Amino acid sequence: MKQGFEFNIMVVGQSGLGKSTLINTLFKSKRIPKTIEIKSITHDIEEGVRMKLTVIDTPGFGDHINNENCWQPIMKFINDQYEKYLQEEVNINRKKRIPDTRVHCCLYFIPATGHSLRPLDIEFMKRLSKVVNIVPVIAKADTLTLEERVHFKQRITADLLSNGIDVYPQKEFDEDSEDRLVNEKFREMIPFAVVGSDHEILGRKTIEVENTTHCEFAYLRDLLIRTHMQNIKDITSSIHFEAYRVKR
């Protein structure tokens, strides 16, 4: 006795940052081979209401000498979903609901270098933010100490700001004071410090990934699935998708 709400999360980042590991971690909260192709993974989860969660795994980039050929297949997948949705909106014969395969949210994995963002990730996120909602994440946050994590977060924040990378929740979309407070609590977490679960409590040789004090994956999951879910979709539709509609 519930209804199905669709939600699409895409993981993006360099090779071996724990993208696939986080996906199975995220689904198992309700050797992984090398990701060579873009794969969508869908499972129905009942958080009172049923949600049709789809997670899109992507092959890592930054591994070659030229990475423009790596930033292209992901941009095509995003726009193709924007294309598949638009071909059904113009479809005047269609009596049925449109299935939403559009990427609503996109996690971006940042390597724990402990320094400023590299030109690659900067240019990549600037492209992605222009066509989709990005949520930057500190890949393998267990790599860093407590002190280093604080310093790294402070630095990543400065880059997004200095490079004009608008991440969710974009400040230009805050309605009132109550909307801003909840959004501030989200932005203060960016970049989210996540940890993939090695075997099984979902732990990491030990580090409980579902613990809010050990890492921030528990917060990120609930915020994206429960708290910020509908707001992301609304911005994906009214802002990002309309930007695509006008271009074509």
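For every residue, the number given is its place in the sequence shown, counted from 1.
Counting the deposited residues that fall between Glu200 and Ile201 and carry no coordinates gives a value of 4 to 9. Deposited sequence between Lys30 and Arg31: 10 or more residues lack coordinates. The mean Cα B-factor in the deposited entry runs higher for 170-178 than for the other of 170-178 and 152-160. Of the two segments, 68-76 and 138-146, the one listed with the higher mean B-factor is 68-76 (C-alpha atoms only). Within the listed group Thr25, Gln230, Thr236, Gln14, the record reports its top CA B-factor for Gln14. In the deposited coordinates, the residue among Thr101, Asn91, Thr113, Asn133 with the greatest CA B-factor is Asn91. Compared with the other modelled residues of the chain, the Cα B-factor recorded for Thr58 ranks in the lowest third.
In the deposited entry, the Cα temperature factor of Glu216 places it in the lowest third of its chain's modelled residues. For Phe124, the recorded CA temperature factor ranks within the middle third of the chain's modelled residues. Ranked by C-alpha B-factor against the other modelled residues of its chain, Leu86 falls in the highest third.
Among the modelled residues of its chain, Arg187 has a C-alpha B-factor that falls in the lowest third, as given in the PDB entry.
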